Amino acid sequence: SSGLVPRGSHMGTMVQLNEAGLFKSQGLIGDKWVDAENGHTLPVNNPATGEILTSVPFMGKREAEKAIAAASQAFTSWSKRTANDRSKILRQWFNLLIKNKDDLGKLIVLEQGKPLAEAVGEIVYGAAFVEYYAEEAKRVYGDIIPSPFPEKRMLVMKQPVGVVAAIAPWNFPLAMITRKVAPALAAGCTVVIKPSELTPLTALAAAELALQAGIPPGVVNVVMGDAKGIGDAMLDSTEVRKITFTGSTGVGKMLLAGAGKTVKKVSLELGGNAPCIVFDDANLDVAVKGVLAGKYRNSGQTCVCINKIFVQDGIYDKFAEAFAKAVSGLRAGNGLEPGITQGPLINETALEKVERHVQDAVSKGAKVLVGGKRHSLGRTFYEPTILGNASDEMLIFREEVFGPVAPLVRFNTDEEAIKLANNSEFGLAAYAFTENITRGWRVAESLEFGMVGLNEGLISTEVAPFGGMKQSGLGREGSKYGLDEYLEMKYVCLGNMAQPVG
C-alpha cells in the first residue's frame, strides 16, 4: 500500500494543535525555547492508547538554575510596573486561553486522558484564575492604621515576595499551572514552574500563549525532567523566596522541610481523603447527583474527590439503589469520543493502587455493588465501582484511592458521622447532604476541612479559597486571599509628625 502511516491514533488533532502553535517539545528559559543541556529527553504518552505524543527535554539542576537566573533578572522590571499594566497583560493571556480552549482541551485529553467536556471545562476554570488575579492585581490595598502615638503615623504596604518556584501535578494540566502562575504574576513576582513530567504539554502551550499576550521573557519559565534535581535547585536558591507545590503528601513534606533552610514562604496542597455524609433527610436526587459528580469527576483523580461516603441508616437502601443506577450510566473510553464520561487512570501505578484498595475492602467484608474489576478496554481503565458494607479498618477508608471507587459506610447518629469524618490527619474537602438548615450549618461548621460542599458535589471555583487544614496543606489558592501568598507585608512608621491645624 501507499499512504500515510501515522505513529499515533490522533494525528489530525495533533496536527491542528501544532498548526495553532500549541504543540511544544522544548522548555522555556528566558527568551528561548530550549532543550536539555545534553539533549536527553523523556516521552509523553497518551494514556488511552499507549502511544508517544512527543518527547520533551529531560532537564535537571543546571537548567533549573538558568531558569531561576532568568526569573531573577526579569523580576526587577516586572515588579515595578503598575498593577494596571500587569493587569492588562494578564487579561490578554486570559483572552488567549479562552480563544484557544477547544484545542487546549484536546491537548489535556491526549496527555492526561479525561473526557473532552471535562478538559474544556478545565480550560475555562483554569483561565478564570488568570482573569481573577488580573483584576485583583489592582486591589492590593495597603492600610493607614490609627497611631496611639500622636507624633507617629503608621502604614502597611504589601509588595511582591520575589521569584517563585512552582511545582504542579498531572491531574489538572492547565488549572494547576494558572492557579499558581496567575497570582504570582499579578502580585509582581516571576516564576519558574515544573509541570508534571506526565503532562507537561499543556503547561508549555499555556506559556506560549503567555508570550503572545506580552508577558516579558523570563517572567514565566518552564522546566521539566529530573523532578528531584529541579526541586533541589529551587530549594537551594537564595533568590527563590517562595515555593508552591501541589502533589503527594510524602513529596510535599520533604519540600516543606527543605524550604526551612532558607526560610522560604511555602504554600502547598497535598493528599485529601474526603468524607461525604448523606443524612436521612438529604434530598435523594441531589445527593445521588452530587456524590456521582464529586466521586467520579476525572475518574476519581481529583484532589477534592469524595473518598468515602457515610450514609445514614434510614436512607441507606434508597441511596445505594439510586447511586448504583447512576454509576451504571458512566461510560469509559477515549476522551475524544462523544458520550465518554470516564477516562483511563494516569498510569499502571495508579491502577495497581485502585486494585489494592478494592482487594483489601472485599477481603474485610465489603460487597461489590457495581464494578470491582479492570474495564474490558484494558490498559489503565477501571470499572466505576461501589463497595457496600465498608468499614474503618479498610485501606480505602484510611488512605486516598485516587480512582473510581466509592465505599459506603452505614452510620446511625449525626454526631457519630461527624466525629468519624473528623478523625483523620487529612483536611482538604468534605461534603454533606441534608435539607435541614440547622443540621446543614452545624455540619459545615463542625467539619475540620478547608472546603465543604453542602448539597453540592462540584465546589471548584476561582473566587473562593481552596486549600487544606491539618496534613493536607498550607495556604490557599483562589479568592482575594490567594494573592497574599505572593506578597510580603511591610509596616512603615513615620515619626516626628505634627498635629493637624485648627
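For every residue, the number given is its place in the sequence shown, counted from 1.
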Tell me which stretch, 398-406 or 195-203, has the higher mean Cα B-factor listed in the entry.
398-406
136-144 versus 410-418: which one carries the higher mean Cα B factor per the record?
410-418
Could you tell me which one of 169, 121, 183, 314 shows the highest CA temperature factor in the PDB record?
314
According to the deposited entry, which of 178, 363, 95, 72 has the largest Cα B-factor?
363
Of the three thirds of the chain ranked by Cα temperature factor, residue 450 occupies the lowest
Residue 367: C-alpha B-factor third of its chain, per the entry, is the highest
Tell me, lowest, middle or highest third: where does the Cα B factor of residue 444 rank within its chain?
lowest
What third of the chain, by the recorded C-alpha B-factor, contains residue 465?
lowest
Can you tell me whether residue 484 has a C-alpha B-factor in the lowest, middle or highest third compared with the other modelled residues of the same chain?
middle
